[PDB]
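Note sheet for the following structure.
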Amino acid sequence: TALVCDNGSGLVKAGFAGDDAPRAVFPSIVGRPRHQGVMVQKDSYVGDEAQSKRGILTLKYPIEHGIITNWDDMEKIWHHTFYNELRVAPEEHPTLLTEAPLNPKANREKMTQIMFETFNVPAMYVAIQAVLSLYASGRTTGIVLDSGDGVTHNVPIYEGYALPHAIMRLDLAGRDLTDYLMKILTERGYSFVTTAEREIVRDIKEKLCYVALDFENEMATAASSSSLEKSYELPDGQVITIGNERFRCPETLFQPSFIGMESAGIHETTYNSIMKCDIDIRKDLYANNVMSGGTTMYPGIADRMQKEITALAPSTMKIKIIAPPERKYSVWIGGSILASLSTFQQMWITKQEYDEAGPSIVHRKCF
Amino acid sequence: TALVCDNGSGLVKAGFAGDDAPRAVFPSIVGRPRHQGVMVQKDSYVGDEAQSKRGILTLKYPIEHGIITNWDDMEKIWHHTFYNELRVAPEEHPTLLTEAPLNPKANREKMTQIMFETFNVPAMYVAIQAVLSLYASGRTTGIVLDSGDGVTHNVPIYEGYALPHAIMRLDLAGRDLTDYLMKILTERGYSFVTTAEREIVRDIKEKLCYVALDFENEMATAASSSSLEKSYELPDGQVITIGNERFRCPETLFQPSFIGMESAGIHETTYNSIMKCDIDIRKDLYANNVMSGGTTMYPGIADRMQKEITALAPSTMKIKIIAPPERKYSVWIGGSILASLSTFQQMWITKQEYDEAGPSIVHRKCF
Amino acid sequence: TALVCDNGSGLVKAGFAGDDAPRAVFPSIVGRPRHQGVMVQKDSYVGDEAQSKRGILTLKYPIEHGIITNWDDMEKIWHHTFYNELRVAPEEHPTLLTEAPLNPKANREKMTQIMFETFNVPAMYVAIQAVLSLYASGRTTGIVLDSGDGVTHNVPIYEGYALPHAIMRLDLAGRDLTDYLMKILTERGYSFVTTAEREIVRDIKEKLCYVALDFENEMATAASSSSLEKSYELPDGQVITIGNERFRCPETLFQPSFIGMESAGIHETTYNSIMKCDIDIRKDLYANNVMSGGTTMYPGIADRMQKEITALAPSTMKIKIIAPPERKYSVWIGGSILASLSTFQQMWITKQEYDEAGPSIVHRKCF
Amino acid sequence: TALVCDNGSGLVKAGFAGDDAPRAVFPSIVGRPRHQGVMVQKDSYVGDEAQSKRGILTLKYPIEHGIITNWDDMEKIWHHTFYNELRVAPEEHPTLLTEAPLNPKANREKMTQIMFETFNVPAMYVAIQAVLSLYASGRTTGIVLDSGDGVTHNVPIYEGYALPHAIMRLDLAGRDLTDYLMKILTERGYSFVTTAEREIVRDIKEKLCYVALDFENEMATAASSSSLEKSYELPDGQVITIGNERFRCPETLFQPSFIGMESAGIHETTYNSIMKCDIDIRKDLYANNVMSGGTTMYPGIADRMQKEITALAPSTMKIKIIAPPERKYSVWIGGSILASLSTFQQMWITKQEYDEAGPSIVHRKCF
Amino acid sequence: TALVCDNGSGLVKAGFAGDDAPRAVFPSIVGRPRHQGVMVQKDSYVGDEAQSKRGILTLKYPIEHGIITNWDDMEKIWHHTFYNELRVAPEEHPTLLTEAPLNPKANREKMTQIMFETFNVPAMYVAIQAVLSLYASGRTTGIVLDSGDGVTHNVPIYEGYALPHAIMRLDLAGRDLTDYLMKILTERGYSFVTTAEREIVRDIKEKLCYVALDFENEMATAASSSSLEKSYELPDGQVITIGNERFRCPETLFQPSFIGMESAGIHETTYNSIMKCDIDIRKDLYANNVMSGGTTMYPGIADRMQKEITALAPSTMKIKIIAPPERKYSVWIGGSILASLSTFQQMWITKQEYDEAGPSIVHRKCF
Ligand SMILES: Nc1ncnc2c1ncn2[C@@H]1O[C@H](COP(=O)(O)OP(=O)(O)O)[C@@H](O)[C@H]1O
Ligand SMILES: Nc1ncnc2c1ncn2[C@@H]1O[C@H](COP(=O)(O)OP(=O)(O)O)[C@@H](O)[C@H]1O
Ligand SMILES: Nc1ncnc2c1ncn2[C@@H]1O[C@H](COP(=O)(O)OP(=O)(O)O)[C@@H](O)[C@H]1O
Ligand SMILES: Nc1ncnc2c1ncn2[C@@H]1O[C@H](COP(=O)(O)OP(=O)(O)O)[C@@H](O)[C@H]1O
Ligand SMILES: Nc1ncnc2c1ncn2[C@@H]1O[C@H](COP(=O)(O)OP(=O)(O)O)[C@@H](O)[C@H]1O
Ligand SMILES: [Ca+2]
Ligand SMILES: [Ca+2]
Ligand SMILES: [Ca+2]
Ligand SMILES: [Ca+2]
Ligand SMILES: [Ca+2]
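Chains as they are written, first to last, in the entry's author numbering: chain E, 6 to 45, 49 to 375; chain C, 6 to 45, 49 to 375; chain D, 6 to 45, 49 to 375; chain B, 6 to 45, 49 to 375; chain A, 6 to 45, 49 to 375.
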């Protein structure tokens, strides 16, 4: 059976092809002790173990904005995934990996070299995340908006054909929203600075943040009463209360100037991607906006996207946002479907054709 | 076998590693005759012999506030410990010594030079007292409050890692409480002035003093009736009676302004040490307050610490004070466990590496 | 004429706009008697009077890390500043106040409410300290590194435009270095514990501490000879000698792990702030590193910053550290220039627009 | 007008507030006949009358070491003071009384009960003797060394604030020196045994004893020649000659081991009191050593104290001993100043607040 | 062999060291003829010869109250002791002499000068009588009450250390009791006036006097019946009868006011000496009251001392009076033990060190 490993900037989603859910979901973090040991303990911790000991660790993400920046730490995470989480021998399982579009070419070349020389997989494949999200929705046409921890990207697909010139990629996703929430939480006197405290702010974001339908009207409501304020208990028992920060943090997705970026929000980027496509397919793309990734899980984000794109598109077009309840795992679920197709069993990069072409084989066999 | 010698400001606790109790416990005192001998007697007396002849001696503690101030007298005490109490040859026993944190560096350097050049030990090691107390409790996480005769100090440890920036040290312990009891005993007309009479007041403190749960409510009870008053027979048959002095003396631990100190009490110091630690480990520290040392042996001190820290900590935190019945010997018991570990046998400072680095070897091998 | 009051965590710098130096510079401290008065004396002392009577006082800083934590004590300091130091009526002087960036919003709201309701100023304004430092240097472009007693912060400014997303703030400044010096002075047997003795250590720091160009090479020099050791006479005539503590204390600015912080040093933070800025302005920022505040007054800190940033920046960039000799008062001097500009006279928050908008007016009129 | 009564162990100093000298100075003695009356005389004699009839009386001091041990005899002395010496009605005069610090609490409680119930004073107050000595010197800062007939005590005061934890009390004063002189006078064959003869030795002490600057060098001078020997005529015409006894008797103040005491001399005790004070006030205490009491009236004691403290203090400190010529009455003179202050008229313990609180009112109204 | 000469006020006890009893015991008297010789006899008689011819002699004691008042007569007694009683050459025997404590310094200086220049002893030593009594009892701890013919003195010794400040000396002993018995014998009409008749009264005292357990109850018994009356035959055959004089004479030891002295009795003096000692040794002193000297030989004096001290001491203390049957010679027996110790042979004052230091050598070599 094939292995499906979705190495996100934030989480590792790993499992076996054919299943309906990832078997192993854990943070893509490596932690190392920052204090001195006095009781006569490992050199580093990975995943959930690093998350539970984060009080005495410095946490490092080896993947930033979909790009692997620390290959020694990324090998620790893959090793932890295969041997400790899946408890499997990689030498007998074809491994399907994922990647954001418009990534550096050396990224997937080094992924290929490590899978074939360090883990000795029989075959591997690198798919594009947004394409897998369309497999999970059971569609062959649609513009996918995938937003994870590192990258937000749009990929328009029509009848199984990608329009690569219309692919959009924005280096603004969950981790940037977490950093922004940390910044605006200082307005109320709350100081989160360490990498461990960043994990606390991320949990605050996932529980209390939501997308306002009308941002300026929501800002007036939060300034007139405390009906929007909610409380959250920190790990040490302290209770913090946040008001408009709940919807100001996800508003960065629609107004990237909040964090100093010049790019347009995800609604304009989606519309700009559709407008780069041929005029005869735009109507089908307007009706099949597929959202995937953890950053699309904010309450109200589908209604806001619906409202924003409707204002940009012609009035006669039917705008439909497809937001499945399980869209946090759409990339893995789509990869599980793809790796189980009988038509896909010819698409694997085998060890034989890697030995005669080097790691550059991945560029002429994977989109 | 290894020797474990806990040189406290008040008592010497010495024994062999692997045992469950110190073999030799005696006062860390040197006494010299202050009168003229007329019957044709030693130049000085050490330990229990000085305590039994204290009527004609001036008693001197060579260790004050965990710092050895008289090295000639300290050598007499170590000599008495090895040859008279343990009856052992130090040249064939690795010796584990203890020290309070944040001590002067010359203190443990001169300890190393004396052990290697005067007693010619094969190896030695200087541990921190609070760390050894955590070994004795069988824990790897907790904030240790060790209070002996000289020093009260807090050391937070999480998963075997010390947080040195959160270590607190207060030069207020048993000997300061004894001096304060001597002062407030003059309110009833009892005058203790000599060093021998200070030993009598110390015995009064250990037998009659206790910690009040509510100090101001206890002061009103002692002022309304004599139900709190207790009697004590002096060595010469005189009987003294003390009332609120029983709980006013240990109250100095929680209100150091009684003796003119500006520092906060041991409850606030414990809380300040926890608040200096990372927020993700505070909950485990709140549940693992370990008390050790003779000054934590007052009846009611665990209930008072529980009450005081609960008022400082958030209401959802579970405050648990660990006060073992044998906590007066926790430092020695922990040192006996550490010196018996197979993983510790590489941590000794051997005579070979001392001959090539001098006494400064102790700073890069001992915490 | 306008009043310029720079309320630092450590010092109050106050004076009149148009002058070239603050008229009143005194410690931002409130002292209260901790002993019992027996001679038939005020309830509290402020500023220089508290510093001269500190032997019998407990000293409190109302501002910690640029945040006012005791508003009753802060009102005493402002009252002392206006009526006793400047000897002025605040009801007839617009008051320019300063603040660190990324402060809690309630801080400058309560500053506005006190200035308008307690002191009844006609107008006020809250400026950012680093921006004022750029006014003092006569520049419109540069990255300001301001480090006082409470906060170290970087603000990059290009052609008069701030890049707020690149603003960095580190809660590590002079007071943390003083606390660290107090800790490592115990290595030589010197014990400073009281708030009054902390003022002695601060004076030791300002006179003997310096920044080593190469820290590890300086540590080897101090360990081989006593050429680096210097003496200092305490107020009671005792003489202390310190060696490597002279440069170990300021080294915390470049290695915050000395005090248990995870953040990067001030050189990496400066470089990270420049790298967050647009690529077209980085060359001008590299050539205009402006240092201000008392914590940048260590001998050798400009040469060390020059060396550290040069190692981080590309080799073709010209790194220039601007360290004026009067940079301890740059914030006040810049505020004196700003409050005297004819273009600034429209920027004041007047009492009229405060009466119709409440203290929240300060957020939409002050950066 | 207020009455100022300084009840010393040796002398009663009584007078009216506002005066510059006590009106009544007489010995605090009660004498009773020890022989049989044959001529057909009182039951007891008080003060100067007991001193003139001491040949046929047994003399008793009701105050020993500042503690009233015979309350029936002490009432006789107070009665003699009010009605026979001052010739006044105590029911119309507030009475200021004095006491040594660290006295039993029952001492000043019974003083309060007798003044309010036996003599029916309208108001009373119990001051500390050393504090009054500082009033007499016109100072608000200084360490007072008061040594009378019963108690030697040090009280450091800074800016009107006492440091109670630094108060030192030594039960070694004039009466112990008299007893020691009686003992060493037997070396020359002179035998004084009765209580009446003790009064003769006291007069010898006050006339011939002095403090040697260098004791061992003075002992060699007295052993080589008779230049130090002086004569004294006893009441019966016999002439005695004393040599080194002149300076051996006051040397007990600096070497209390002469009379079997373990405590340090008055110079070390003064230095130990200063060293218990905060480091920032020690320089002012070194320059303001105030001496008071009859036992500081030995010729050369200020030069000896100056020499001894200079050897203990750092070389850069300026040691200044303040020894007024009228320092034998400093306690009374200071009490006369205090009782005449307009600010003190609220400090009296009135009869009204004594009737509602009992004699325990004196503890919460008097230091 | 060494000579041990105990020169008491009443008797000379002389012998050789190592023996268990003095070889020569005779009265310390010199008699001279007071009538005219008519038969054609010495100029003076010494010792037993003076006692047998006392009818025609005037008897003189050269020692009064332990002080040699007639040095020409004392030389006659020493000459009689060496040549007539011991029949020995003093030039070949080290001589141990005794003395009461608190004696004039010239007394033992002139003893040293006479022994070295008149008798030319090779070495000599002056011991304290009470210390020798403790040697005789085989103890190293105890308070010795030695009462001879001239002096009653208490010396507390603990573990071989004397407490000189607690030494008590009372110039009331056997000779004062003899004089008092002579006075109260006139109540019955018996007149003894001459020095020879004083020797008769002394013999009456030694045979008939005893100490009453309860004095006032014994006085009532003697006044109701004649059961206490005893008879005594004078040398001329006359028979005298005495009643309450038997116990009134020794009662002066417990009530010195009988002879006009102000001092306390021997029981209070013993208790006052113990109370001057450190509190930790009082229990051992209470259990080791050693009595010595001829004046402690009255029947019932140990039971009376036991009863009197028990009433003064705390009820939990065990009072034990050690009264050996041979305690009349305890000083000599102890001196015989001391002079025979091998450790004492370095303590002698030799003729060599006397020739270089003069008679003042005795003060820095003898206690
Ligand atoms: N309920 C939620 N609301 C908002 N954000 C969420 C929620 N759940 C997860 N996220 C965010 O989604 C991001 C990563 O999710 P995921 O789609 O797995 O991306 P990746 O594949 O990069 O790990 C994280 O930054 C996380 O904060
Ligand atoms: N039962 C008790 N109650 C109160 N204090 C005690 C008790 N037992 C011992 N102590 C105090 O503990 C102090 C020293 O104990 P210890 O922990 O051995 O410290 P150290 O290691 O410094 O000798 C002494 O000052 C003693 O007075
Ligand atoms: N010469 C110096 N060397 C090192 N530090 C100094 C020097 N002078 C002042 N400082 C430090 O600067 C800090 C505060 O200076 P300042 O810039 O006025 O800050 P603030 O505005 O917070 O008062 C103090 O902590 C002080 O110790
Ligand atoms: N000139 C002097 N020299 C030495 N001692 C003196 C002199 N005058 C008085 N004294 C001593 O001072 C003591 C008491 O003086 P005082 O200060 O009045 O004390 P108190 O208040 O206890 O009576 C007496 O013991 C006396 O012997
Ligand atoms: N049995 C006795 N009862 C009472 N007193 C006695 C007795 N025997 C001797 N004494 C008295 O003891 C005194 C001297 O005895 P001793 O101890 O030898 O003293 P010293 O050494 O002064 O001669 C004499 O005064 C004598 O009266
Ligand atoms: Ca993803
Ligand atoms: Ca200890
Ligand atoms: Ca500042
Ligand atoms: Ca006095
Ligand atoms: Ca005798």
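In this text, a Cβ means the ideal position worked out from N, Cα and C, and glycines have one as well.
Closest Cα partner of residue i within the set the options
i               : options                        : result
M283 of chain D : D:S33, D:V163, D:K238          : D:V163
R37 of chain E  : E:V129, E:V9, E:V54            : E:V54
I248 of chain D : D:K213, D:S14, D:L221, D:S323  : D:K213
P258 of chain C : C:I175, C:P367, C:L16, C:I192  : C:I192
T203 of chain A : A:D187, A:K215, A:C217, A:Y218 : A:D187
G15 of chain B  : B:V30, B:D25, B:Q246           : B:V30
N111 of chain E : E:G74, E:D11, E:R254           : E:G74
Straight-line gap, residue i to residue j (C-alpha atoms, nearest Å)
i               : j               : result
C374 of chain D : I34 of chain D  : 27 Å
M305 of chain B : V370 of chain A : 36 Å
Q360 of chain E : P102 of chain E : 13 Å
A58 of chain D  : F90 of chain D  : 17 Å
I287 of chain E : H161 of chain E : 21 Å
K61 of chain A  : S52 of chain A  : 11 Å
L178 of chain B : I208 of chain C : 19 Å
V45 of chain D  : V139 of chain B : 11 Å
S141 of chain A : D157 of chain A : 16 Å
Given 8 Å as the limit, is there contact between the stretch 191 to 211 of chain A and the stretch 69 to 78 of chain C, that is, 3 or more CB pairs closer than that?
no
Starting from the N-terminal end, write out each residue whose C-beta falls within a distance shorter than 5 Å of any non-hydrogen atom of ligand 6.
E:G13, E:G156
Quick one: any contact between the stretch 313 to 323 of chain B and the stretch 349 to 364 of chain B, if contact means 3 or more CB pairs under 8 Å?
no
contact_flag[the stretch 168 to 175 of chain B, the stretch 239 to 252 of chain A] where n(CB pairs < 8 Å) is 3 or more:
no
How about the stretch 150 to 157 of chain B and the stretch 16 to 23 of chain D: do they share at least three Cβ pairs that are nearer than 8 Å?
No: fewer than three Cβ pairs fall under 8 Å.
Are the stretch 283 to 301 of chain A and the stretch 327 to 338 of chain A touching by the rule of at least three beta carbon pairs closer than 8 Å?
Result yes; three or more Cβ-Cβ pairs closer than 8 Å.
Could you tell me which whole alpha helix (DSSP H) segments of length 4 or greater appear in the stretch 165 to 217 of chain A?
As summarised for the stretch 165 to 217 of chain A, the continuous alpha helix (DSSP H) elements at least 4 residues long and confined to that stretch are 182 to 193, 203 to 216, given in chain order.
May I ask you to verify whether the stretch 124 to 139 of chain C touches the stretch 102 to 111 of chain C, counting CB pairs closer than 8 Å and requiring at least 3?
yes
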